[PDB]
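Trainee: Can you read through this structure? Questions will come right after.
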Amino acid sequence: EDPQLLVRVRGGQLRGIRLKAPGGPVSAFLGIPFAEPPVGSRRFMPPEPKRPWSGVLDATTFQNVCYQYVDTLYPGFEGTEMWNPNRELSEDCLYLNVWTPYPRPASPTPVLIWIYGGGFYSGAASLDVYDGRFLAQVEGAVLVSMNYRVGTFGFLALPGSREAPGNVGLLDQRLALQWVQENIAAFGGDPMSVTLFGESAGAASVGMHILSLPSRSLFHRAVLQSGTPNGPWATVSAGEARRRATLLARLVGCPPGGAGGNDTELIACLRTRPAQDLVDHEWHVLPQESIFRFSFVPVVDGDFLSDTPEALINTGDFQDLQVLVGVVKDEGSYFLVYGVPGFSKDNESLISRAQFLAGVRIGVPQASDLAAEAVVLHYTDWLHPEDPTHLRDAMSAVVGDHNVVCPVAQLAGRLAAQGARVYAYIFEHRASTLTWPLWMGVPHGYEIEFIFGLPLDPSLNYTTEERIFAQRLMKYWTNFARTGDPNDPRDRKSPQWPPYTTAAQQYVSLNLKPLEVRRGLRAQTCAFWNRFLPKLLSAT
Amino acid sequence: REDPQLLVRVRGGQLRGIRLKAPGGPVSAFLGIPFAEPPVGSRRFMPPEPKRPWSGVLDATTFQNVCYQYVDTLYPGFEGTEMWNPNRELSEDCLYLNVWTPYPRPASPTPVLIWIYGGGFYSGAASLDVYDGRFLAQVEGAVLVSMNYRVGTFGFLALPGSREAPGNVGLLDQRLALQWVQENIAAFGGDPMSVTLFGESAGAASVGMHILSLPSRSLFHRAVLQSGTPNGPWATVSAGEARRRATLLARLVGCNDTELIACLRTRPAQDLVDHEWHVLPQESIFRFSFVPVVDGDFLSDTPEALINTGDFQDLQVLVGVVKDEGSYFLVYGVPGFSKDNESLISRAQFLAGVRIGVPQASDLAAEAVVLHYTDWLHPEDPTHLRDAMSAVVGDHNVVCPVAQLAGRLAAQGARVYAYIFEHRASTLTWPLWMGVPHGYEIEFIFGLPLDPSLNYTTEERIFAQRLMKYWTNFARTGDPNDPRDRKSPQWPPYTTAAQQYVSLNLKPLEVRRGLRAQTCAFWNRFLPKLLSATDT
Ligand SMILES: C[N+](C)(C)CCCCCCCCCC[N+](C)(C)C
Ligand SMILES: C[N+](C)(C)CCCCCCCCCC[N+](C)(C)C
Ligand SMILES: *[C@@H]1O[C@H](CO)[C@@H](O)[C@H](O)[C@H]1NC(C)=O
């Protein structure tokens with residue numbers, strides 16, 4: 001047929017499809033099974049390498065989304081729907097995608113592996129905003145985006161157990177990585193320049209790979225957008241993981257009656273429950289009412305993660321590492337409508353003070369009273385402690401800083417200090433297209449469109465600057481991808497992006513106006529969160 | 001034959017004053033008038049008993065003894081330090097007051113201004129050149145009274161509940177002086193119905209105490225608290241602490257409460273002064289040995305309690321603070337600070353100094369403080385660190401307690417006026433790094449720049465006038481604003497809602513909202529909870 005859309009892989013033949021990007025043709029190999037479907041008695045189990053196949057495996061289309069909760073908060077609303085599954089749900093979802101430029105690159109092009117985010121409970125490479133055709137067509141890079149097990153399926157764990165040891169949604173990603181290694185070669189990809197890049201929980205994931213030895217040998221560069229492995233939401237202890245597994249199990253009738261004491265039977269029992277049964281009780285295992293906290297996520301097992309990601313970034317050796325890190329203007333905005341009284345995407349959410357005080361307890365569930373006070377002290381504007389507008393924006397700040405920004409900063413600094421070559425940024429441009437209210441500004445995850453290059457598509461209603469902007473962004477990423485320096489290669493155009501350093505603390509303003517270097521990532525505020533607050537908590 | 005204008009008859013007898021010359025004219029001055037029987041011998045530690053009547057004409061032309069106290073020998077010969085030291089023979093017999101009126105004495109009853117001097121309750125005197133009534137008297141026509149009150153062990157050593165050493169006597173001395181004015185001030189042309197109290201540091205604390213003590217409250221109508229409050233970390237002590245110290249000091253000099261006080265009364269006054277500092281419990285600064293005890297008598301409850309639950313509708317108050325309240329004190333106990341160099345310190349000193357400045361803090365409380373006052377972008381910059389250490393001490397001990405008091409008073413009916421003094425005396429002898437320290441506003445209020453003999457500038461003289469106008473207008477009408485003269489900058493009341501105060505500097509008045517708002521919420525609201533959580 002066409003040697004361009006026909007490829008032999010370590011397991012067998014494949015057939016891609018030829019996509020048409022604004023600037024030209026692209027080869028796309030969608031739905032490549034990287035592992036044997038983790039269904040049946042394989043559920044909660046580490047993934048296994050897909051067995052070799054006979055004939056030509058079709059790969060002209062997107063596979064099934066892993067089993068996960070579907071958002072029903074705002075039915076029909078693009079702002080939420082855009083994140084929901086666009087393919088059928090199934091426990092048989094272990095496939096990855098590959099975009100290569102048409103025709104295949106002359107020599108070993110650098111590879112950009114994307115890891116989607118969604119609180120470790122949702123997400124899919126199948127998504128529109130994760131369309132890696134532009135970054136291949138335009139920047140000529142080999143882009144790979146895989147699907148990994150979310151929710152209970154990916155992270156339910158009974159630490160120490162043989163049949164649900166946890167973190168399998170990560171081993172999924174790791175397995176996709178080992179694949180890209182021994183197989184990307186055939187797509188014109190360089191198995192020597194693997195640059196991982198993900199947002200939210202994907203970012204947190206990327207971090208996990210950096211912190212996990214076995215994952216090291218599978219990548220060389222890393223980008224962590226709006227998320228880290230060290231936060232208050234990305235991991236749970238062994239005890240908590242268990243307490244939530246058993247509880248979820250219990251709710252689903254596992255085991256039935258007053259029988260118990262055997263984890264194997266407990267999992268065996270769980271393995272028989274319809275997928276939707278688990279998803280039904282996913283949210284009932286949280287210990288307190290909250291936001292930006294997820295039920296099933298990576299666990300500190302002492303295997304995939306040898307110790308807390310905190311303890312790891314604190315004492316790891318990141319000398320050789322080259323990382324790109326960042327954040328958006330208002331991380332915490334999106335999460336407010338999902339459980340904080342007074343907040344809706346429909347009104348301006350001009351909240352009362354009491355609403356704000358309550359909100360603080362939700363957004364910071366692990367906080368004792370005194371610690372809550374501290375947070376209130378810090379975020380209240382005492383000249384106007386009643387102004388609804390402040391209270392509103394302050395709530396978004398508490399959430400966004402606590403969960404994303406400060407942890408980012410804590411990582412960046414701890415990384416740089418450890419030997420890493422870190423680069424930081426603050427995405428501040430609010431897409432014109434954006435359907436969420438003005439009050440949320442630049443919400444968690446609204447940088448993707450630009451990094452992926454969606455504004456390049458003419459049909460989509462993006463402004464010309466946004467297009468130029470997107471290209472600029474794609475440039476930084478791909479540049480960081482090949483070189484390990486997001487800067488205009490040789491061609492020293494103009495503004496330079498300096499490495500974030502402990503002493504200097506430099507990050508850049510990623511927006512319409514050319515680069516604009518700044519110092520201190522909420523330095524003051526994050527000193528509160530990263531230095532003080534912790535000891536306030538470990539006292540109370 | 002006598003000058004009819006300098007001969008005054010007072011309840012205890014007659015007295016002759018002296019005609020003084022102020023820059024713009026003559027002024028009458030009656031100095032060293034006794035208002036109490038000499039608190040000596042067995043009268044030591046005891047409350048003041050009224051001055052017994054005398055015969056003949058008492059000589060009220062010269063200042064009297066300064067109350068027995070400690071003398072500041074830190075920087076021998078240094079004006080900025082000596083300007084506060086005793087300028088008359090020390091003696092226990094020091095209970096006298098001074099009145100300054102225009103010359104000739106005013107025809108119409110004029111508003112009285114009563115000055116209570118600073119000095120951390122361990123020192124001070126009305127004898128001091130900075131507390132000179134002559135300018136206020138001559139330029140504004142005020143009747144200015146100022147008294148001496150016992151300090152240190154003599155005026156504040158307490159064995160709560162005993163008869164022979166009840167404590168707070170120095171505060172009683174001031175009250176007695178306040179009564180004396182009530183009675184006798186009419187004789188000089190003063191109006192007993194328009195008494196306005198004003199003080200600085202411990203002086204302002206004392207003023208606050210009179211506001212919070214019922215008896216004293218019916219002896220004045222308005223008040224001005226300059227860089228000082230009744231509430232706050234240093235102004236008062238528990239009854240148990242007061243006793244811990246008193247008992248300790250007693251033991252330190254070789255001494256049943258009665259039998260103890262008896263022994264302390266045989267000790268030479270200097271023996272006491274020498275040991276008064278040995279009783280402090282911790283390595284600190286801006287923390288004094290013998291201050292007002294909360295006896296449940298003069299002070300029914302704590303000033304904190306009292307300002308939170310009191311009626312203050314019938315009160316007009318002027319409160320303020322100078323731009324660099326902390327500096328002066330760093331020099332006294334925080335390593336790395338000297339008047340001689342620029343005192344740029346290392347983060348290590350800043351850290352060890354916060355424990356000096358907030359001696360009562362727990363490691364966590366301290367760390368909370370450190371976190372607040374650090375510039376995390378340059379946590380090592382000695383300049384910022386130096387400036388910051390000064391703010392910790394100023395905010396903790398003065399600025400915030402003032403903001404607290406302003407809010408509580410305002411909240412509970414009072415009419416409050418607030419300011420921040422920002423001008424640095426051109427003639428200032430303290431290093432430029434100390435900015436406008438604690439006490440360097442006084443000389444302007446009292447009108448010293450009006451004396452051409454002193455080397456102030458023309459602007460400074462004009463400034464002094466403006467301030468004297470502010471104070472007197474307030475002492476006169478409860479409002480510091482120029483009445484008829486709807487001039488230019490109008491000074492609005494501090495309200496809990498708007499939180500406005502003004503800038504007292506060479507430029508015209510400027511209104512500012514929120515007095516160290518965010519920082520004071522840390523000290524006032526949060527720090528205490530954290531403090532109690534981590535307490536002993
Ligand atoms: C922004 N994306 C999507 C890319 C990543 C964010 C994932 C976190 C979603 C927060 C809302 C959780 C709501 C939980 N429920 C629906 C159960 C209330
Ligand atoms: C300017 N006036 C006279 C109105 C106020 C003077 C206040 C004196 C400050 C002394 C601080 C001592 C601190 C404790 N140690 C002994 C450690 C220095
Ligand atoms: C916004 O709307 C939600 C639900 O419609 C409501 O709970 C909230 O009180 C509203 N807030 C304002 C400020 O209108």
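Scheme for the structure tokens: letters A, B, ... for chains in order shown; per-chain residue numbers from 1; ligand numbers from 1 in order shown.
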Using only C-alpha atoms and all ligand atoms, determine which residues fall within 8 Å of ligand 1, then list them as a ChimeraX atom specification.
Mentor: /A:69-73,80,83,116-123,199-201,283,291-294,334-335,338-339,443-446
Trainee: Name the residues in contact with residue A:390 at a cut-off of 12 Å, using only C-alpha atoms, excluding same-chain residues fewer than 5 positions from it; report them as an MDAnalysis selection string.
Mentor: chainID A and resid 349:353 356 379:385 395:398 439
Trainee: Taking only C-alpha atoms and all ligand atoms into account, which residues have an atom no farther than 10 Å from ligand 2? I'd like them as number ranges by chain.
Mentor: B: 72, 74, 80-85, 117-125, 199-203, 227-228, 277-278, 280, 282-289, 326, 328-334, 356-357, 437-440, 442
Trainee: Tell me which protein, DNA and RNA residues are within 12 Å of residue A:513, counting only C-alpha atoms, leaving out same-chain ones fewer than 4 positions away, and put them as a PyMOL selection string.
Mentor: chain A and resi 427-429+465-466+468-469+472+495+508-509+517
Trainee: Produce a file of the selected residues containing N, CA, C and O atoms, as a PDB file, in the first residue's frame.
Mentor:
```pdb
ATOM      1  N   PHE A 427       2.219  30.499  32.811  1.00  0.00           N
ATOM      2  CA  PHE A 427       1.328  30.723  31.681  1.00  0.00           C
ATOM      3  C   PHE A 427       0.250  31.719  32.134  1.00  0.00           C
ATOM      4  O   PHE A 427      -0.444  31.477  33.122  1.00  0.00           O
ATOM      5  N   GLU A 428       0.113  32.837  31.427  1.00  0.00           N
ATOM      6  CA  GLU A 428      -0.856  33.853  31.823  1.00  0.00           C
ATOM      7  C   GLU A 428      -1.906  34.239  30.794  1.00  0.00           C
ATOM      8  O   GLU A 428      -2.787  35.066  31.085  1.00  0.00           O
ATOM      9  N   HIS A 429      -1.820  33.664  29.596  1.00  0.00           N
ATOM     10  CA  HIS A 429      -2.792  33.981  28.548  1.00  0.00           C
ATOM     11  C   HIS A 429      -4.096  33.188  28.626  1.00  0.00           C
ATOM     12  O   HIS A 429      -4.109  31.948  28.640  1.00  0.00           O
ATOM     13  N   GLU A 465      -2.594  36.143  16.890  1.00  0.00           N
ATOM     14  CA  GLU A 465      -1.541  36.245  17.898  1.00  0.00           C
ATOM     15  C   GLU A 465      -1.469  34.930  18.649  1.00  0.00           C
ATOM     16  O   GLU A 465      -0.383  34.409  18.900  1.00  0.00           O
ATOM     17  N   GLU A 466      -2.639  34.382  18.971  1.00  0.00           N
ATOM     18  CA  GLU A 466      -2.717  33.115  19.682  1.00  0.00           C
ATOM     19  C   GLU A 466      -1.980  32.058  18.864  1.00  0.00           C
ATOM     20  O   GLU A 466      -1.223  31.247  19.421  1.00  0.00           O
ATOM     21  N   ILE A 468       0.494  32.595  16.575  1.00  0.00           N
ATOM     22  CA  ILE A 468       1.911  32.956  16.646  1.00  0.00           C
ATOM     23  C   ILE A 468       2.451  32.507  18.006  1.00  0.00           C
ATOM     24  O   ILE A 468       3.531  31.897  18.113  1.00  0.00           O
ATOM     25  N   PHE A 469       1.645  32.807  19.025  1.00  0.00           N
ATOM     26  CA  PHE A 469       1.913  32.480  20.414  1.00  0.00           C
ATOM     27  C   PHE A 469       2.159  30.977  20.502  1.00  0.00           C
ATOM     28  O   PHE A 469       3.237  30.541  20.917  1.00  0.00           O
ATOM     29  N   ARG A 472       5.321  29.825  19.096  1.00  0.00           N
ATOM     30  CA  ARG A 472       6.395  30.239  19.980  1.00  0.00           C
ATOM     31  C   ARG A 472       6.529  29.175  21.080  1.00  0.00           C
ATOM     32  O   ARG A 472       7.628  28.660  21.331  1.00  0.00           O
ATOM     33  N   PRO A 495      14.394  38.043  23.766  1.00  0.00           N
ATOM     34  CA  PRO A 495      14.377  37.625  25.183  1.00  0.00           C
ATOM     35  C   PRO A 495      14.895  36.205  25.468  1.00  0.00           C
ATOM     36  O   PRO A 495      14.589  35.250  24.743  1.00  0.00           O
ATOM     37  N   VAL A 508       9.767  32.776  33.832  1.00  0.00           N
ATOM     38  CA  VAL A 508       9.328  33.683  32.773  1.00  0.00           C
ATOM     39  C   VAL A 508       7.826  33.830  32.572  1.00  0.00           C
ATOM     40  O   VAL A 508       7.040  32.917  32.840  1.00  0.00           O
ATOM     41  N   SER A 509       7.443  34.995  32.067  1.00  0.00           N
ATOM     42  CA  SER A 509       6.053  35.302  31.780  1.00  0.00           C
ATOM     43  C   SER A 509       5.702  34.756  30.385  1.00  0.00           C
ATOM     44  O   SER A 509       6.055  35.340  29.344  1.00  0.00           O
ATOM     45  N   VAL A 517      11.366  37.880  32.083  1.00  0.00           N
ATOM     46  CA  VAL A 517      11.910  37.248  33.290  1.00  0.00           C
ATOM     47  C   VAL A 517      11.506  37.901  34.618  1.00  0.00           C
ATOM     48  O   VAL A 517      11.473  39.133  34.738  1.00  0.00           O
TER      49      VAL A 517
END
```
Trainee: Using only C-alpha atoms and all ligand atoms, which residues of the polymer chains come no farther than 8 Å from ligand 3? I'd like the answer as a list in words.
Mentor: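 Result of the 8 Å neighbour search around ligand 3: residues 341, 342, 343, 344, 345, 346, 347, 348, 349, 350 and 351 of chain A.
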Trainee: Please dump the current selection as a compact mmCIF listing (two decimals), in the first residue's frame; keep N, CA and C atoms.
Mentor:
```txt
# COMPACT_ATOMS: atom_id res chain seq x y z
N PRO A 341 -19.07 25.99 48.59
CA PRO A 341 -20.30 26.80 48.63
C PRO A 341 -20.05 28.25 48.23
N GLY A 342 -20.91 28.76 47.35
CA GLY A 342 -20.80 30.12 46.87
C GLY A 342 -20.21 30.21 45.48
N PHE A 343 -19.60 29.12 45.03
CA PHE A 343 -18.99 29.10 43.70
C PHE A 343 -19.75 28.35 42.62
N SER A 344 -19.93 29.05 41.50
CA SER A 344 -20.61 28.55 40.31
C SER A 344 -19.99 29.24 39.10
N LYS A 345 -19.95 28.55 37.97
CA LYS A 345 -19.40 29.14 36.76
C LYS A 345 -20.44 30.11 36.18
N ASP A 346 -21.66 30.05 36.71
CA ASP A 346 -22.76 30.87 36.21
C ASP A 346 -22.87 32.30 36.74
N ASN A 347 -22.56 32.50 38.02
CA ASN A 347 -22.55 33.85 38.60
C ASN A 347 -21.09 34.27 38.81
N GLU A 348 -20.86 35.45 39.36
CA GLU A 348 -19.48 35.88 39.57
C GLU A 348 -18.87 35.32 40.85
N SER A 349 -19.62 34.47 41.54
CA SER A 349 -19.15 33.84 42.76
C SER A 349 -18.58 34.82 43.78
N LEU A 350 -19.24 35.96 43.94
CA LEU A 350 -18.78 36.94 44.92
C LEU A 350 -19.24 36.44 46.28
N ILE A 351 -18.37 35.68 46.93
CA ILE A 351 -18.66 35.07 48.22
C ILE A 351 -18.59 35.92 49.50
```
Trainee: Can you work out which residues from chain A touch chain B at a cut-off of 8 Å (counting only C-alpha atoms) and hand them back as a list in words?
Mentor: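 Output check: residues 370, 373, 374, 377, 381, 382, 383, 503, 504, 505, 519, 520, 523, 524, 527, 528, 532, 535 and 536 of chain A.
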Trainee: Would you mind listing what lies within 10 Å of stretch 98-103 of chain A as a PyMOL selection string, with only C-alpha atoms counted and same-chain residues fewer than 4 positions away left out?
Mentor: chain A and resi 3-5+16-21+24-32+59+109+111-113+131-146+180+184+187-189
Trainee: I want to know what sits within 12 Å of residue B:271, based on only C-alpha atoms, with residues of the same chain fewer than 2 positions away left out; could you give that as a VMD selection string?
Mentor: chain B and resid 68 to 70 153 to 154 249 to 250 252 to 254 264 to 269 273 to 277
Trainee: Quick one: write out the picked residues with N, CA, C and O atoms as a PDB file, in the first residue's frame?
Mentor:
```pdb
ATOM      1  N   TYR B  68      14.479  58.636  92.574  1.00  0.00           N
ATOM      2  CA  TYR B  68      15.566  57.680  92.613  1.00  0.00           C
ATOM      3  C   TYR B  68      15.398  56.658  91.509  1.00  0.00           C
ATOM      4  O   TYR B  68      14.357  56.011  91.392  1.00  0.00           O
ATOM      5  N   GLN B  69      16.434  56.523  90.691  1.00  0.00           N
ATOM      6  CA  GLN B  69      16.380  55.621  89.554  1.00  0.00           C
ATOM      7  C   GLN B  69      17.737  55.188  89.003  1.00  0.00           C
ATOM      8  O   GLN B  69      18.790  55.657  89.428  1.00  0.00           O
ATOM      9  N   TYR B  70      17.685  54.285  88.030  1.00  0.00           N
ATOM     10  CA  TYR B  70      18.879  53.771  87.355  1.00  0.00           C
ATOM     11  C   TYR B  70      19.353  54.815  86.338  1.00  0.00           C
ATOM     12  O   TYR B  70      18.536  55.529  85.727  1.00  0.00           O
ATOM     13  N   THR B 153      11.799  49.940  91.545  1.00  0.00           N
ATOM     14  CA  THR B 153      11.372  49.305  92.789  1.00  0.00           C
ATOM     15  C   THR B 153      10.550  50.222  93.710  1.00  0.00           C
ATOM     16  O   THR B 153       9.579  49.800  94.320  1.00  0.00           O
ATOM     17  N   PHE B 154      10.913  51.492  93.753  1.00  0.00           N
ATOM     18  CA  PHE B 154      10.250  52.462  94.617  1.00  0.00           C
ATOM     19  C   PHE B 154       8.807  52.692  94.276  1.00  0.00           C
ATOM     20  O   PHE B 154       7.974  52.813  95.180  1.00  0.00           O
ATOM     21  N   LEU B 249      14.368  39.876  94.098  1.00  0.00           N
ATOM     22  CA  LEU B 249      15.139  41.076  94.378  1.00  0.00           C
ATOM     23  C   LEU B 249      15.398  41.216  95.870  1.00  0.00           C
ATOM     24  O   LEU B 249      16.497  41.570  96.290  1.00  0.00           O
ATOM     25  N   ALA B 250      14.368  40.964  96.668  1.00  0.00           N
ATOM     26  CA  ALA B 250      14.508  41.047  98.109  1.00  0.00           C
ATOM     27  C   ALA B 250      15.627  40.130  98.572  1.00  0.00           C
ATOM     28  O   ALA B 250      16.462  40.515  99.390  1.00  0.00           O
ATOM     29  N   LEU B 252      18.015  38.987  96.731  1.00  0.00           N
ATOM     30  CA  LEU B 252      19.274  39.470  96.152  1.00  0.00           C
ATOM     31  C   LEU B 252      19.949  40.525  97.005  1.00  0.00           C
ATOM     32  O   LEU B 252      21.153  40.749  96.861  1.00  0.00           O
ATOM     33  N   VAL B 253      19.182  41.213  97.849  1.00  0.00           N
ATOM     34  CA  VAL B 253      19.772  42.235  98.710  1.00  0.00           C
ATOM     35  C   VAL B 253      19.817  41.772 100.168  1.00  0.00           C
ATOM     36  O   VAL B 253      19.916  42.588 101.072  1.00  0.00           O
ATOM     37  N   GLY B 254      19.728  40.462 100.388  1.00  0.00           N
ATOM     38  CA  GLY B 254      19.802  39.925 101.737  1.00  0.00           C
ATOM     39  C   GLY B 254      18.526  39.884 102.561  1.00  0.00           C
ATOM     40  O   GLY B 254      18.604  39.872 103.786  1.00  0.00           O
ATOM     41  N   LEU B 264      13.421  45.204 103.184  1.00  0.00           N
ATOM     42  CA  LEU B 264      13.664  45.988 101.974  1.00  0.00           C
ATOM     43  C   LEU B 264      13.680  47.485 102.252  1.00  0.00           C
ATOM     44  O   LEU B 264      14.322  48.246 101.528  1.00  0.00           O
ATOM     45  N   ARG B 265      12.983  47.905 103.303  1.00  0.00           N
ATOM     46  CA  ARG B 265      12.928  49.315 103.625  1.00  0.00           C
ATOM     47  C   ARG B 265      14.169  49.857 104.313  1.00  0.00           C
ATOM     48  O   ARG B 265      14.387  51.071 104.331  1.00  0.00           O
ATOM     49  N   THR B 266      15.008  48.943 104.805  1.00  0.00           N
ATOM     50  CA  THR B 266      16.279  49.296 105.449  1.00  0.00           C
ATOM     51  C   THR B 266      17.399  49.369 104.390  1.00  0.00           C
ATOM     52  O   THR B 266      18.506  49.838 104.677  1.00  0.00           O
ATOM     53  N   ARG B 267      17.139  48.854 103.187  1.00  0.00           N
ATOM     54  CA  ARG B 267      18.155  48.893 102.134  1.00  0.00           C
ATOM     55  C   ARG B 267      18.319  50.288 101.494  1.00  0.00           C
ATOM     56  O   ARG B 267      17.341  50.997 101.238  1.00  0.00           O
ATOM     57  N   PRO B 268      19.573  50.730 101.325  1.00  0.00           N
ATOM     58  CA  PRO B 268      19.906  52.021 100.719  1.00  0.00           C
ATOM     59  C   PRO B 268      19.257  52.054  99.343  1.00  0.00           C
ATOM     60  O   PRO B 268      19.316  51.067  98.609  1.00  0.00           O
ATOM     61  N   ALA B 269      18.698  53.189  98.958  1.00  0.00           N
ATOM     62  CA  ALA B 269      18.047  53.267  97.660  1.00  0.00           C
ATOM     63  C   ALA B 269      18.877  52.748  96.469  1.00  0.00           C
ATOM     64  O   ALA B 269      18.326  52.129  95.549  1.00  0.00           O
ATOM     65  N   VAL B 273      18.355  49.927  93.229  1.00  0.00           N
ATOM     66  CA  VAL B 273      18.555  50.271  91.826  1.00  0.00           C
ATOM     67  C   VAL B 273      19.614  49.358  91.164  1.00  0.00           C
ATOM     68  O   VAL B 273      19.467  48.908  90.022  1.00  0.00           O
ATOM     69  N   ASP B 274      20.677  49.086  91.909  1.00  0.00           N
ATOM     70  CA  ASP B 274      21.766  48.245  91.445  1.00  0.00           C
ATOM     71  C   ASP B 274      21.306  46.850  91.041  1.00  0.00           C
ATOM     72  O   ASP B 274      21.781  46.285  90.058  1.00  0.00           O
ATOM     73  N   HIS B 275      20.338  46.329  91.783  1.00  0.00           N
ATOM     74  CA  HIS B 275      19.824  44.985  91.555  1.00  0.00           C
ATOM     75  C   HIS B 275      18.502  44.861  90.821  1.00  0.00           C
ATOM     76  O   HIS B 275      18.073  43.757  90.491  1.00  0.00           O
ATOM     77  N   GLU B 276      17.870  45.982  90.521  1.00  0.00           N
ATOM     78  CA  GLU B 276      16.580  45.906  89.878  1.00  0.00           C
ATOM     79  C   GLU B 276      16.539  45.154  88.552  1.00  0.00           C
ATOM     80  O   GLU B 276      15.531  44.555  88.220  1.00  0.00           O
ATOM     81  N   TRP B 277      17.660  45.073  87.854  1.00  0.00           N
ATOM     82  CA  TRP B 277      17.674  44.375  86.570  1.00  0.00           C
ATOM     83  C   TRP B 277      17.951  42.871  86.648  1.00  0.00           C
ATOM     84  O   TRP B 277      17.680  42.143  85.703  1.00  0.00           O
TER      85      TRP B 277
END
```
Trainee: What's the 8 Å shell around stretch 399-410 of chain A, counting only C-alpha atoms, without same-chain residues fewer than 2 positions away, as a PyMOL selection string?
Mentor: chain A and resi 226-228+230-233+292+325-327+330-333+335+363-364+395-397+412-414+521-522+525-526+529-530
Trainee: So that I can see what lies close to residue B:65, please list as a PyMOL selection string the residues with an atom at most 12 Å from it, counting only C-alpha atoms and leaving out residues fewer than 2 positions away in the same chain.
Mentor: chain B and resi 31-34+38+62-63+67-69+86-98+124-128+147-150
Trainee: Take the residues from that selection and write them out as a PDB file, in the first residue's frame, keeping C-alpha atoms.
Mentor:
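Result file is again29.pdb:
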```pdb
ATOM      1  CA  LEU B  31       8.276  74.451  89.766  1.00  0.00           C
ATOM      2  CA  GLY B  32       8.777  71.884  92.501  1.00  0.00           C
ATOM      3  CA  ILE B  33       5.340  72.221  94.073  1.00  0.00           C
ATOM      4  CA  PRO B  34       4.885  69.259  96.469  1.00  0.00           C
ATOM      5  CA  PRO B  38       7.829  62.483 100.858  1.00  0.00           C
ATOM      6  CA  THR B  62      13.268  75.792  90.779  1.00  0.00           C
ATOM      7  CA  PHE B  63      12.845  72.126  89.665  1.00  0.00           C
ATOM      8  CA  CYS B  67      12.971  60.177  91.548  1.00  0.00           C
ATOM      9  CA  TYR B  68      15.566  57.680  92.613  1.00  0.00           C
ATOM     10  CA  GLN B  69      16.380  55.621  89.554  1.00  0.00           C
ATOM     11  CA  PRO B  86      18.470  62.633  85.564  1.00  0.00           C
ATOM     12  CA  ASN B  87      19.218  66.385  85.512  1.00  0.00           C
ATOM     13  CA  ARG B  88      18.749  66.958  89.290  1.00  0.00           C
ATOM     14  CA  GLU B  89      19.880  65.233  92.480  1.00  0.00           C
ATOM     15  CA  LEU B  90      18.377  61.774  92.962  1.00  0.00           C
ATOM     16  CA  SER B  91      16.292  61.311  96.048  1.00  0.00           C
ATOM     17  CA  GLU B  92      13.370  59.229  97.248  1.00  0.00           C
ATOM     18  CA  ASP B  93      11.808  62.555  98.234  1.00  0.00           C
ATOM     19  CA  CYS B  94      10.898  63.412  94.665  1.00  0.00           C
ATOM     20  CA  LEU B  95       7.131  63.915  94.677  1.00  0.00           C
ATOM     21  CA  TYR B  96       6.748  67.360  93.156  1.00  0.00           C
ATOM     22  CA  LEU B  97       5.032  68.828  90.142  1.00  0.00           C
ATOM     23  CA  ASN B  98       5.475  71.795  87.840  1.00  0.00           C
ATOM     24  CA  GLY B 124      12.315  59.567  83.904  1.00  0.00           C
ATOM     25  CA  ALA B 125      11.599  63.065  85.303  1.00  0.00           C
ATOM     26  CA  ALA B 126       9.614  66.218  84.402  1.00  0.00           C
ATOM     27  CA  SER B 127      12.878  68.145  84.970  1.00  0.00           C
ATOM     28  CA  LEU B 128      14.070  67.156  81.451  1.00  0.00           C
ATOM     29  CA  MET B 147       4.616  65.582  87.705  1.00  0.00           C
ATOM     30  CA  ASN B 148       7.285  63.285  88.933  1.00  0.00           C
ATOM     31  CA  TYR B 149       6.071  59.801  89.892  1.00  0.00           C
ATOM     32  CA  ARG B 150       8.006  57.027  91.534  1.00  0.00           C
TER      33      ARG B 150
END
```
